[PDB]
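Just the one chain here, the form deposited in one PDB entry, laid out as structure tokens.
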């Protein structure tokens, strides 16, 4: 069973899953400070529900929202849009690029307990539990970033909930006893080299990407190398979405099933492989595994 914002779900209920999406983010809060310009909360919820119902109509069944407490996560909003659009949503714990003072001073043991609190107890006073750990990294490795990755690895070891991060790191995860099949390492264009992707893929890590046709061909290259079981999919292939710039692109959150899947079909990626990367791989990733 996977923790969603409306409660636990079985593996088989997850279906077609996007694994690194952005409903919540930095900018939604300013609707509280300035609704005259940005619109009401109800209008934001309405825009989000409409976009998710279109993604649902195109075939998306589950999305993983990777916003964290320090990057604008709003799990009560996620639960409302999940119910209205009939799309499962997995919430994340973790930390973003530049966390507050009060978090930058914590030990690995303390940060582990923070992540575990949001996985085992709930987020804030909502009772909604996170189903993934997101660790956003800036650039140059720093001791605090290594500390956060270690805390995430330990929370994953305790609960079996997967970790998703950005580009070394693999030695830290293995340092802590965590199987690579619990970790998705996301790569940007500056780290897109197919050689690096296959290297991490051969060691058991899941691979994410954060033009879109050239990203899709990188995916095909990875498949052609035999690594289809290590691939996760996300609307991030179109554009580097984040808490800075959320998913709410004339295809909206339906971009993957309406544009990328037909294109991969045109390039000859077979049906069983496409079902593997959109259904089997994310279900195996999200399913808590010790």
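Rigid core here is just the name for the largest C-alpha set that superposes within 1.5 Å across the two forms. Only residues modelled in both forms are compared. Positions refer to the first chain, counted from 1.
Coordinates are absent for 4 to 9 residues of the deposited sequence placed between residue 167 and residue 168. Gap check for residue 74 to residue 75: zero deposited residues are absent from the model. In this crystal structure, the stretch out of 190-198 and 117-125 whose C-alpha atoms carry the higher mean B factor is 190-198. Here 106-114 and 213-221 are compared by their mean Cα B-factor, and 213-221 comes out higher. Note on the listed residues 262, 51, 59, 240: the highest Cα temperature factor in the record is that of 240. Between the residues 181, 93, 137, 156, it is 137 that shows the highest Cα B-factor in the PDB record.
Placement of the Cα temperature factor of residue 249 within the chain: highest third of the modelled residues, per the deposited record.
In this PDB entry, the Cα temperature factor of residue 148 sits in the middle third of its chain's modelled residues. When the CA B factors of the chain's modelled residues are split into thirds, the value for residue 268 lands in the highest one.
Residue 257: CA B factor in the lowest third of modelled residues in this chain (values from the PDB entry). Residue 208 sits in the middle third of its chain by CA B factor, as recorded in the PDB entry.
Not on display, but discussed next: the form deposited in another entry.
Comparing the two forms between this form and the one not shown on the rigid core, the single residue of 220, 150, 187, 117 with a CA shift of 2 Å or greater is 187. Fitting the two forms on the rigid core leaves the C-alpha of residue 31 displaced by at least 2 angstroms between this form and the one not shown. If you fit the rigid core between this form and the one not shown, you'll see the Cα of residue 238 move by 2 angstroms or more.
Positional change of residue 139 between this form and the one not shown reaches 2 Å or more at the C-alpha, relative to the superposed core.
In comparison with the shown form, the Cα-Cα distance of residue 242 and residue 162 increases by at least 3 angstroms in that other deposited form. Between residue 243 and residue 279, the Cα distance is greater in that other deposited form than in this structure, by no less than 3 angstroms.
After superposing on the rigid core, the stretches of 3 or more consecutive residues whose C-alphas move by 2 Å or more between this form and the one not shown are 27-40, 138-140, 187-192, 236-248.
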